[PDB]
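Trainee: Input: one structure, supplied below.
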Amino acid sequence: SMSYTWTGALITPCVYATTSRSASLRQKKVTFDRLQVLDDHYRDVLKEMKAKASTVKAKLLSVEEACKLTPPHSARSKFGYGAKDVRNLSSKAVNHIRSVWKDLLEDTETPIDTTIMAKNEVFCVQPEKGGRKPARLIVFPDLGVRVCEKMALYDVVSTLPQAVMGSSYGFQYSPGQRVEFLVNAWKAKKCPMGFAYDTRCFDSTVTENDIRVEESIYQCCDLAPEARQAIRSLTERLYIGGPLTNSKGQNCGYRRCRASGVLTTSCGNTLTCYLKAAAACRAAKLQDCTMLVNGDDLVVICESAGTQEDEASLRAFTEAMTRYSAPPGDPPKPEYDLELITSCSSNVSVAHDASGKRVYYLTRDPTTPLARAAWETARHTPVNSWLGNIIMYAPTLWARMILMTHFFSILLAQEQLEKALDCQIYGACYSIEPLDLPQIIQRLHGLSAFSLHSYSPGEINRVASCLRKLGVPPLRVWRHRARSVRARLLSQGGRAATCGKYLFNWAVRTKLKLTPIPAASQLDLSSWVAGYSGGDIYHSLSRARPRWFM
Ligand SMILES: O=C(O)/C=C/c1ccc(NC(=O)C2(NC(=O)c3ccc4c(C5CCCCC5)c5n(c4c3)CC(=O)Nc3ccccc3-5)CCCC2)cc1
Ligand SMILES: CNC(=O)c1c(-c2ccc(F)cc2)oc2ccc(-c3cccc(C(=O)NC(C)(C)C(=O)Nc4nncs4)c3)cc12
């Protein structure tokens, strides 16, 4: 069937940023009929997956438990109540949720309406690479449905993917753990080879059968009968597809593929992609495959059988994936250095800590993080990629020298260090206090993140070239600026001084010996686990039992 059908009704809205005018170009790309042929390899992997799912027990979340997970800036309900009312357990919201739930338990076929919108993403615009890129589409049900999804499937999506995929489940890793997995995977092979597999419009390639296969995996859990019916009804009425409505309330068409704004988007895409990829590994007869699946993103580390054999295996892998209804965007390239694989726009690099020891870390081209940050300083935005980039890429030269320096000088100038901000980062929305960045960074990357030096020439040159291209002052200017920022932060004591000490040690002539932050142990990061991209999940950072002297 067709991934989408359109009535022709325009997608209405509620460093450059893509608008809902360029959404028409995206519609042509994402619209196509799907051809899917399955085999024994696919059925075998599926059964092995289902067998692992069988070990899972999932709790049914209460109205309140589910309400408390709602982001405060989550799109308001067309039934006149919003994220705040939900979070506050307002009788109108709670009563409207209890009815949506009842309807899911009682109505098994009626499609649920979804809202289609364009996601305004800030970019740079490379004139050498060609032209502009279209805006991505966000398909999501009403607030009431969204709370019900959490009641039925939050515990499923939090525990099932790791039970099924184990170490292959990307979303379970902090950036430091992800790198540890990749490096060990690489080191474990006699002669390693690796590649990234990028599917052309993954959500669109997802068939209504793919969606039932994943409900079949969810159905292996020990579920409460209401959770079972909710999963069943949500599959038929929402996940397999339904009608598309713009912000103006007009019908835009109909969908028969993955909805990007549902709780099961990351989880379902991970399971689906893993299933197809593990099946394709067998079809292409790759030896000793290690997979890292992160939503629609895939990295395979296998055993090299020689340049010509490896190229042959990859073509076979692609042919299998295509049959499974997962054709590639760009055909995969085999790589013989781990640092050469690019996935989730990232690559593994190496540096030294304070004692000369090697430390691996994730990095990426800084152009987009810098442009988005340049836009975010220019105009107030409710979701800051800059803070997600600091947290995600804390060990990188560019996050430390440019992002940290620039934004702490602004927070200093606005006496807003204490003010919690909402940060994006791939999936879920996080409420983070900039003053907590050192503990966060220590927890996610290690104390070494504050002592990294001896960066590779390639990384240094990438960062420097990028600054020149974007009209950003050079690294020597940033070192100067970070010395004032540091000085002013130190003079403020407490967490602010820790920000100056730890985050800006790189800027001082004679380096300070940095001890582990004591308060880093008391931060609760238990929730940080799974990917909830479109999942509408809110996690505000908390600390159990704070020691007074902190
Ligand atoms: O050779 C030497 O010895 C010294 C050279 C040198 C060169 C330029 C300056 N510039 C400045 O001081 C000013 N801008 C900046 O000091 C500035 C800071 C951050 C900037 C950023 C981003 C960086 C990431 C965080 C958000 C801010 C961008 N641009 C920046 C400019 C350049 C700009 O204007 N816009 C963009 C556009 C896209 C990408 C980045 C930028 C402030 C007053 C005059 C302009 C200072 C020193
Ligand atoms: C298959 N591809 C991959 O696995 C990735 C590769 C890659 C690159 C090159 C390779 F040769 C291989 C793999 O680079 C990546 C960069 C980022 C992400 C990512 C995506 C989603 C969440 C988080 C995350 O870390 N988010 C934060 C809140 C910062 C976090 O800390 N999350 C946590 N989640 N649980 C505990 S902590 C990170 C994933 C990949």
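All residue names refer to the structure tokens as shown: chains lettered A, B, ... in order, residues numbered from 1 in each chain, ligands numbered from 1 in order.
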All residues within 6 Å of ligand 1 are required, counting only C-alpha atoms and all ligand atoms; please report them as a PyMOL selection string.
Mentor: chain A and resi 15+370-371+373-374+402-403+406+470-473+477
Trainee: Considering only C-alpha atoms and all ligand atoms, tabulate each residue of chain A that lies at most 6 Å from ligand 2 along with its nearest interatomic pair and the corresponding distance in Å to one decimal; arrange the rows by chain and ascending residue number and present them as a tab-separated table.
Mentor:
residue	atom	partner	partner_atom_place_in_ligand_line	distance
A:170	CA	ligand 2	4 (O)	5.0
A:171	CA	ligand 2	22 (C)	5.7
A:172	CA	ligand 2	35 (N)	5.0
A:173	CA	ligand 2	35 (N)	4.9
A:174	CA	ligand 2	37 (S)	3.6
A:175	CA	ligand 2	25 (O)	4.4
A:292	CA	ligand 2	1 (C)	4.8
A:293	CA	ligand 2	1 (C)	5.0
A:294	CA	ligand 2	1 (C)	5.0
A:297	CA	ligand 2	1 (C)	5.1
A:298	CA	ligand 2	1 (C)	4.5
A:299	CA	ligand 2	1 (C)	4.8
A:338	CA	ligand 2	11 (F)	5.7
A:341	CA	ligand 2	11 (F)	4.1
A:342	CA	ligand 2	9 (C)	4.6
A:343	CA	ligand 2	8 (C)	3.9
A:344	CA	ligand 2	15 (C)	4.5
A:346	CA	ligand 2	8 (C)	4.3
A:347	CA	ligand 2	9 (C)	4.1
A:348	CA	ligand 2	9 (C)	5.7
A:391	CA	ligand 2	29 (C)	5.7
A:392	CA	ligand 2	29 (C)	4.3
A:425	CA	ligand 2	28 (C)	5.7
A:426	CA	ligand 2	21 (C)	5.2
A:444	CA	ligand 2	31 (O)	5.8
A:528	CA	ligand 2	35 (N)	4.1
A:529	CA	ligand 2	35 (N)	4.2
Trainee: Pull C-alpha atoms from the residues just selected and write them as a JSON list (two decimals), in the first residue's frame.
Mentor:
[["chain", "number", "residue", "atom", "x", "y", "z"],
["A", 170, "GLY", "CA", 21.71, 1.39, 21.14],
["A", 171, "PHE", "CA", 19.44, 3.45, 23.42],
["A", 172, "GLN", "CA", 20.62, 1.68, 26.57],
["A", 173, "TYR", "CA", 24.03, 3.44, 26.36],
["A", 174, "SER", "CA", 25.42, 6.71, 27.70],
["A", 175, "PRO", "CA", 27.91, 8.13, 25.07],
["A", 292, "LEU", "CA", 24.42, -1.64, 17.11],
["A", 293, "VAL", "CA", 20.82, -0.57, 16.33],
["A", 294, "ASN", "CA", 19.65, 2.92, 17.32],
["A", 297, "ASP", "CA", 20.29, 3.80, 12.48],
["A", 298, "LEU", "CA", 22.38, 0.68, 12.01],
["A", 299, "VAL", "CA", 26.10, -0.20, 12.37],
["A", 338, "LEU", "CA", 36.52, 2.15, 13.47],
["A", 341, "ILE", "CA", 32.39, 4.64, 10.32],
["A", 342, "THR", "CA", 29.77, 7.50, 10.45],
["A", 343, "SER", "CA", 26.47, 6.76, 12.26],
["A", 344, "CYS", "CA", 23.95, 9.16, 13.91],
["A", 346, "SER", "CA", 29.01, 10.66, 14.52],
["A", 347, "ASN", "CA", 32.49, 9.02, 14.46],
["A", 348, "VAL", "CA", 34.78, 7.63, 17.19],
["A", 391, "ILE", "CA", 25.99, 16.91, 27.19],
["A", 392, "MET", "CA", 26.33, 14.59, 24.15],
["A", 425, "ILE", "CA", 19.05, 15.45, 22.30],
["A", 426, "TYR", "CA", 17.87, 12.87, 19.61],
["A", 444, "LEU", "CA", 28.07, 10.19, 31.13],
["A", 528, "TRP", "CA", 18.11, 8.61, 30.78],
["A", 529, "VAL", "CA", 17.68, 3.23, 29.14]]
Trainee: Find the residues near residue A:547: any atom within 12 Å, counting only C-alpha atoms, skip ones fewer than 4 places away on the same chain, and give them as a list in words.
Mentor: residues 518, 519, 520, 521, 522, 523 and 543 of chain A
Trainee: Hey, which of A:428, A:145, A:227, A:160 ends up closest to residue A:96? Count only C-alpha atoms.
Mentor: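 Looking at the shortest contact to residue A:96, the residue is A:145.
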Trainee: Residues near residue A:35, anyone? I mean within 9 Å using only C-alpha atoms, not counting same-chain ones fewer than 3 positions away, as number ranges by chain.
Mentor: A: 1, 205, 207, 322-325
Trainee: Could you write those residues out with C-alpha atoms, as an mmCIF file, in the first residue's frame?
Mentor:
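Resulting contents of out_19.cif:
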data_model
loop_
_atom_site.group_PDB
_atom_site.id
_atom_site.type_symbol
_atom_site.label_atom_id
_atom_site.label_comp_id
_atom_site.auth_asym_id
_atom_site.auth_seq_id
_atom_site.Cartn_x
_atom_site.Cartn_y
_atom_site.Cartn_z
ATOM 1 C CA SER A 1 0.000 0.000 0.000
ATOM 2 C CA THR A 205 9.440 1.804 4.404
ATOM 3 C CA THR A 207 4.707 -1.678 6.339
ATOM 4 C CA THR A 322 15.515 -4.066 0.054
ATOM 5 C CA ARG A 323 13.391 -7.270 -0.136
ATOM 6 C CA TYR A 324 12.488 -6.739 3.589
ATOM 7 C CA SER A 325 11.248 -3.247 2.521
#
Trainee: What residues in stretch 85-186 of chain A get the DSSP label strand (DSSP E or B)? Please answer as a CSV table (one decimal) with N, CA, C and O atoms, in the first residue's frame.
Mentor:
chain,number,residue,atom,x,y,z
A,114,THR,N,-4.7,11.7,13.8
A,114,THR,CA,-3.4,12.2,14.0
A,114,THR,C,-3.3,13.6,13.3
A,114,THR,O,-4.0,13.9,12.4
A,115,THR,N,-2.4,14.4,13.9
A,115,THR,CA,-2.0,15.7,13.4
A,115,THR,C,-0.7,15.6,12.7
A,115,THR,O,0.3,15.0,13.2
A,116,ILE,N,-0.6,16.1,11.5
A,116,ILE,CA,0.6,16.2,10.7
A,116,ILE,C,1.1,17.6,10.7
A,116,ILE,O,0.3,18.6,10.6
A,117,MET,N,2.4,17.8,11.0
A,117,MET,CA,3.0,19.2,11.1
A,117,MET,C,4.4,19.0,10.5
A,117,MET,O,5.0,18.0,10.5
A,118,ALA,N,5.0,20.2,10.1
A,118,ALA,CA,6.4,20.2,9.7
A,118,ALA,C,7.2,20.6,10.9
A,118,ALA,O,6.8,21.4,11.7
A,119,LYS,N,8.4,19.8,11.1
A,119,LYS,CA,9.3,20.1,12.1
A,119,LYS,C,10.3,21.1,11.6
A,119,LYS,O,10.9,20.8,10.5
A,122,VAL,N,16.8,23.9,12.1
A,122,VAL,CA,17.8,24.9,11.7
A,122,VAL,C,19.0,24.1,11.1
A,122,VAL,O,19.4,23.1,11.6
A,123,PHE,N,19.5,24.7,10.0
A,123,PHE,CA,20.6,24.1,9.3
A,123,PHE,C,21.6,25.2,8.9
A,123,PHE,O,21.5,26.4,9.4
A,136,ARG,N,11.2,17.9,7.9
A,136,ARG,CA,10.7,16.6,8.3
A,136,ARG,C,9.2,16.7,8.8
A,136,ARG,O,8.8,17.8,9.3
A,137,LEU,N,8.5,15.7,8.7
A,137,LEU,CA,7.1,15.7,9.1
A,137,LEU,C,6.9,15.0,10.5
A,137,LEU,O,7.5,14.0,10.8
A,138,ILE,N,6.0,15.6,11.3
A,138,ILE,CA,5.8,15.0,12.6
A,138,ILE,C,4.3,14.6,12.7
A,138,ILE,O,3.4,15.5,12.7
A,139,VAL,N,4.0,13.3,12.9
A,139,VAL,CA,2.6,12.8,13.0
A,139,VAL,C,2.4,12.3,14.4
A,139,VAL,O,3.1,11.5,14.9
A,140,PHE,N,1.3,12.9,15.0
A,140,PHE,CA,1.1,12.6,16.4
A,140,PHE,C,-0.4,12.6,16.8
A,140,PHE,O,-1.2,13.4,16.3
A,141,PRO,N,-0.8,11.7,17.7
A,141,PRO,CA,-2.2,11.7,18.1
A,141,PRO,C,-2.4,12.8,19.2
A,141,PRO,O,-1.5,13.4,19.7
A,169,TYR,N,21.2,-3.2,21.5
A,169,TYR,CA,20.2,-2.1,21.7
A,169,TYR,C,20.9,-0.8,22.1
A,169,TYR,O,21.4,-0.5,23.2
Trainee: Could you make a table, as JSON lines, of the residues of stretch 293-371 of chain A that have an atom within 8 Å of an atom of stretch 447-455 of chain A, each with its nearest atom pair and distance in Å to one decimal, counting only C-alpha atoms, in chain and number order?
Mentor:
{"residue": "A:350", "atom": "CA", "partner": "A:455", "partner_atom": "CA", "distance": 7.0}
{"residue": "A:351", "atom": "CA", "partner": "A:455", "partner_atom": "CA", "distance": 5.0}
{"residue": "A:352", "atom": "CA", "partner": "A:453", "partner_atom": "CA", "distance": 5.4}
{"residue": "A:353", "atom": "CA", "partner": "A:452", "partner_atom": "CA", "distance": 4.7}
{"residue": "A:354", "atom": "CA", "partner": "A:451", "partner_atom": "CA", "distance": 5.2}
{"residue": "A:359", "atom": "CA", "partner": "A:448", "partner_atom": "CA", "distance": 7.8}
Trainee: Generate the output file for the selected residues, N, CA and C atoms, as a PDB file, in the first residue's frame.
Mentor:
ATOM      1  N   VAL A 350      39.923   9.647  19.227  1.00  0.00           N
ATOM      2  CA  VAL A 350      40.761   9.311  20.395  1.00  0.00           C
ATOM      3  C   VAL A 350      41.486  10.589  20.866  1.00  0.00           C
ATOM      4  N   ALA A 351      41.793  10.663  22.170  1.00  0.00           N
ATOM      5  CA  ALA A 351      42.594  11.720  22.803  1.00  0.00           C
ATOM      6  C   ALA A 351      43.332  11.058  23.965  1.00  0.00           C
ATOM      7  N   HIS A 352      44.004  11.849  24.790  1.00  0.00           N
ATOM      8  CA  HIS A 352      44.664  11.412  26.014  1.00  0.00           C
ATOM      9  C   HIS A 352      44.050  12.131  27.163  1.00  0.00           C
ATOM     10  N   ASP A 353      44.038  11.482  28.320  1.00  0.00           N
ATOM     11  CA  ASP A 353      43.602  12.110  29.549  1.00  0.00           C
ATOM     12  C   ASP A 353      44.820  12.818  30.176  1.00  0.00           C
ATOM     13  N   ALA A 354      44.686  13.217  31.439  1.00  0.00           N
ATOM     14  CA  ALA A 354      45.707  13.955  32.179  1.00  0.00           C
ATOM     15  C   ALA A 354      46.956  13.129  32.417  1.00  0.00           C
ATOM     16  N   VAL A 359      41.825   7.629  25.364  1.00  0.00           N
ATOM     17  CA  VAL A 359      40.428   7.727  25.689  1.00  0.00           C
ATOM     18  C   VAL A 359      39.760   7.876  24.345  1.00  0.00           C
TER      19      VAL A 359
END
Trainee: Please determine, counting only C-alpha atoms, which residue among A:365, A:38, A:334, A:486 has the shortest atom-to-atom distance to residue A:465.
Mentor: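 Once distances to residue A:465 are computed over only C-alpha atoms, the minimum belongs to A:365.
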Trainee: Can you tell me which residues surround residue A:332 at a distance of at most 8 Å, considering only C-alpha atoms, apart from same-chain residues fewer than 6 positions away, and format the answer as a PyMOL selection string?
Mentor: chain A and resi 195-198+314+318
Trainee: Pick from A:394, A:147, A:508, A:466: nearest to residue A:482, with only C-alpha atoms counted?
Mentor: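 Closest to residue A:482, using only C-alpha atoms: A:508.
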Trainee: Tell me which protein, DNA and RNA residues are within 9 Å of residue A:499, counting only C-alpha atoms, leaving out same-chain ones fewer than 3 positions away, and put them as a list in words.
Mentor: residues 408, 434, 435, 436, 437, 438, 486, 489, 490, 494, 495, 496, 502, 503 and 504 of chain A
Trainee: Quick check for you: according to DSSP on this backbone, which residues of stretch 213-297 of chain A are classed as alpha helix (DSSP H)? Reply as a VMD selection string.
Mentor: chain A and resid 213 to 218 225 to 234 265 to 283
Trainee: Next, write the just-selected residues to a file, as a CSV table (one decimal), in the first residue's frame, keeping N, CA and C atoms as the atom set.
Mentor:
chain,number,residue,atom,x,y,z
A,213,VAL,N,4.0,-7.4,13.2
A,213,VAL,CA,5.1,-8.2,13.7
A,213,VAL,C,5.6,-7.5,15.1
A,214,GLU,N,5.7,-6.2,15.2
A,214,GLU,CA,6.2,-5.7,16.4
A,214,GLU,C,5.1,-5.9,17.6
A,215,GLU,N,3.8,-5.7,17.3
A,215,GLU,CA,2.8,-6.0,18.3
A,215,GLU,C,2.9,-7.5,18.7
A,216,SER,N,3.2,-8.4,17.7
A,216,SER,CA,3.4,-9.8,18.1
A,216,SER,C,4.5,-10.0,19.1
A,217,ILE,N,5.6,-9.2,19.1
A,217,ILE,CA,6.7,-9.2,20.0
A,217,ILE,C,6.2,-8.6,21.4
A,218,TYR,N,5.5,-7.5,21.3
A,218,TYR,CA,4.9,-6.9,22.5
A,218,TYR,C,4.0,-7.8,23.3
A,225,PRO,N,-4.6,-7.6,31.3
A,225,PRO,CA,-5.6,-7.7,30.2
A,225,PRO,C,-5.9,-6.3,29.5
A,226,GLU,N,-6.0,-5.2,30.3
A,226,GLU,CA,-6.3,-3.9,29.8
A,226,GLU,C,-5.1,-3.4,28.9
A,227,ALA,N,-3.9,-3.7,29.3
A,227,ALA,CA,-2.6,-3.3,28.6
A,227,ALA,C,-2.6,-4.1,27.2
A,228,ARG,N,-3.1,-5.3,27.3
A,228,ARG,CA,-3.2,-6.2,26.1
A,228,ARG,C,-4.1,-5.7,25.1
A,229,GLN,N,-5.4,-5.3,25.5
A,229,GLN,CA,-6.4,-4.7,24.7
A,229,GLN,C,-6.0,-3.3,24.2
A,230,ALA,N,-5.3,-2.5,25.0
A,230,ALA,CA,-4.9,-1.2,24.6
A,230,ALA,C,-3.8,-1.4,23.5
A,231,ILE,N,-2.8,-2.2,23.7
A,231,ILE,CA,-1.8,-2.5,22.7
A,231,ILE,C,-2.5,-2.9,21.4
A,232,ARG,N,-3.5,-3.8,21.5
A,232,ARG,CA,-4.2,-4.4,20.4
A,232,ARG,C,-5.0,-3.3,19.6
A,233,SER,N,-5.8,-2.6,20.3
A,233,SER,CA,-6.6,-1.5,19.7
A,233,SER,C,-5.7,-0.3,19.2
A,234,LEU,N,-4.6,0.1,19.9
A,234,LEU,CA,-3.7,1.1,19.5
A,234,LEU,C,-3.0,0.6,18.2
A,265,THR,N,7.6,4.6,18.4
A,265,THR,CA,8.4,5.0,17.2
A,265,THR,C,9.9,4.4,17.3
A,266,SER,N,10.6,4.9,18.4
A,266,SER,CA,12.0,4.4,18.5
A,266,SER,C,12.1,3.0,18.7
A,267,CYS,N,11.4,2.4,19.7
A,267,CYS,CA,11.3,1.0,20.0
A,267,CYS,C,11.0,0.1,18.8
A,268,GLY,N,9.9,0.4,18.2
A,268,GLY,CA,9.4,-0.3,17.0
A,268,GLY,C,10.4,-0.2,15.8
A,269,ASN,N,11.0,1.0,15.6
A,269,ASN,CA,12.0,1.1,14.6
A,269,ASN,C,13.2,0.3,14.9
A,270,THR,N,13.6,0.3,16.2
A,270,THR,CA,14.8,-0.5,16.6
A,270,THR,C,14.5,-2.0,16.4
A,271,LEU,N,13.5,-2.5,16.9
A,271,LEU,CA,13.1,-3.9,16.8
A,271,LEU,C,13.0,-4.3,15.3
A,272,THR,N,12.3,-3.5,14.4
A,272,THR,CA,12.1,-3.7,13.0
A,272,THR,C,13.4,-3.7,12.3
A,273,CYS,N,14.2,-2.7,12.5
A,273,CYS,CA,15.5,-2.5,11.9
A,273,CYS,C,16.4,-3.7,12.3
A,274,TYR,N,16.5,-4.0,13.6
A,274,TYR,CA,17.3,-5.1,14.1
A,274,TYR,C,16.8,-6.4,13.4
A,275,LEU,N,15.5,-6.7,13.4
A,275,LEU,CA,15.0,-7.9,12.8
A,275,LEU,C,15.4,-8.0,11.3
A,276,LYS,N,15.1,-7.1,10.5
A,276,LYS,CA,15.6,-7.0,9.1
A,276,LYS,C,17.1,-7.2,8.9
A,277,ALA,N,17.9,-6.5,9.7
A,277,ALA,CA,19.3,-6.5,9.7
A,277,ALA,C,20.0,-7.8,10.1
A,278,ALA,N,19.4,-8.5,11.2
A,278,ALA,CA,20.0,-9.7,11.6
A,278,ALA,C,19.7,-10.8,10.6
A,279,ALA,N,18.5,-10.7,9.9
A,279,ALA,CA,18.0,-11.6,8.8
A,279,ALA,C,18.9,-11.4,7.6
A,280,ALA,N,19.2,-10.2,7.3
A,280,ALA,CA,20.1,-9.8,6.2
A,280,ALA,C,21.5,-10.3,6.4
A,281,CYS,N,22.0,-10.3,7.7
A,281,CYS,CA,23.3,-10.7,8.0
A,281,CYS,C,23.4,-12.2,7.7
A,282,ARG,N,22.4,-13.0,7.9
A,282,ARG,CA,22.3,-14.4,7.5
A,282,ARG,C,22.2,-14.6,6.0
A,283,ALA,N,21.3,-13.9,5.4
A,283,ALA,CA,21.1,-13.9,4.0
A,283,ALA,C,22.4,-13.6,3.2
Trainee: Give me the residues within 6 Å of stretch 413-422 of chain A as a list in words, counting only C-alpha atoms and dropping any in the same chain fewer than 6 places off.
Mentor: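 Near neighbours after the sequence-gap exclusion: residues 383, 430, 431, 432, 433, 434 and 435 of chain A.
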Trainee: Next, the residues of the selection above should be written as a JSON list (two decimals), in the first residue's frame with C-alpha atoms.
Mentor:
[["chain", "number", "residue", "atom", "x", "y", "z"],
["A", 383, "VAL", "CA", 14.36, 23.52, 23.00],
["A", 430, "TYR", "CA", 15.33, 16.87, 29.44],
["A", 431, "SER", "CA", 15.09, 19.61, 32.09],
["A", 432, "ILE", "CA", 18.66, 20.51, 32.96],
["A", 433, "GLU", "CA", 20.24, 23.10, 35.17],
["A", 434, "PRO", "CA", 23.50, 24.34, 33.52],
["A", 435, "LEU", "CA", 25.10, 24.25, 37.04]]
Trainee: Taking only C-alpha atoms into account, which of A:497, A:397, A:46, A:423 comes nearest residue A:475?
Mentor: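 Smallest separation from residue A:475 among the options: A:397.
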